[PDB]
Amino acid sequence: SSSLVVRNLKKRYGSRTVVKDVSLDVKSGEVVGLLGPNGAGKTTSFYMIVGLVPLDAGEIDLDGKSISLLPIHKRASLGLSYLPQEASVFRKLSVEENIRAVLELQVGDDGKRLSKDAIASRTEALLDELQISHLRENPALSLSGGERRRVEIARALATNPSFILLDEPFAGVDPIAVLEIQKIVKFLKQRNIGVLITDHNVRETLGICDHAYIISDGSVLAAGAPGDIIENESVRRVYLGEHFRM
């Protein structure tokens, strides 16, 4: 069991403080949502946690260790994997090669690079687990969005992450795709991976969150189970609307 502990983030750009004070927690096997009005702080908060935006103030601890000053690849080494909106998998590489490429770069707990046998074994495992074994030889370029998404999870999983940070996974996707993504998050949850999601699609996100934080005016307006969040009068006034229904 791991914990990601975020305390009192602040980010100021010029004369404008976009994140005033945001704190949150994520634990292993927990799905947490970072929601709220556009530009009211949720995104900058998310990126400070990812490591794309340096903190002006605050703390971020992963298993008791500070990581707020570390670059992204260092956070990744420690178990914090980031899955951006756009890409990336190497389009010219096969599905299998995309996964192996990650595994070839890993270092054991021993401190040693994986044996050829170990890489083959883990590749086979990840292909089966993500139900994409039929695509092993396919170039990444040829994949549907849903299949590509699965390859990206596989590449993240190949680093053996403790936490996975999803940047707008539901943006622009059809209702069928929503279900696939929710199934994938549940799969991650059952693997004892903590998941942090920021997204604009309220119902889709809340629908798989154990816990959610509503960010408004650079601060945490409310936090808790989705069921309680919806009924919060402040949240309805600022964000969801008086007549919101799931």
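In this text, residue numbers run from 1 along the sequence as written.
- Higher mean CA temperature factor between 131-139 and 82-90: 82-90, per the PDB entry.
- Two stretches are in play, 193-201 and 61-69, and the higher mean C-alpha B-factor belongs to 61-69.
- In this entry, the residue among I119, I164, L157, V173 with the greatest C-alpha B factor is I119.
- Between the residues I99, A76, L105, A125, the entry's highest C-alpha temperature factor is the one at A125.
- Annotation for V5: C-alpha temperature factor in the lowest third relative to the rest of the modelled chain, per the entry.
- The deposited CA B-factor of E168 belongs to the lowest third of values across its chain.
- When the modelled residues of the chain are ordered by C-alpha B-factor, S216 sits in the middle third.
- When the CA B factors of the chain's modelled residues are split into thirds, the value for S28 lands in the middle one.
- Residue-level temperature factors show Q182 in the middle third of its chain, judged at the C-alpha atom.
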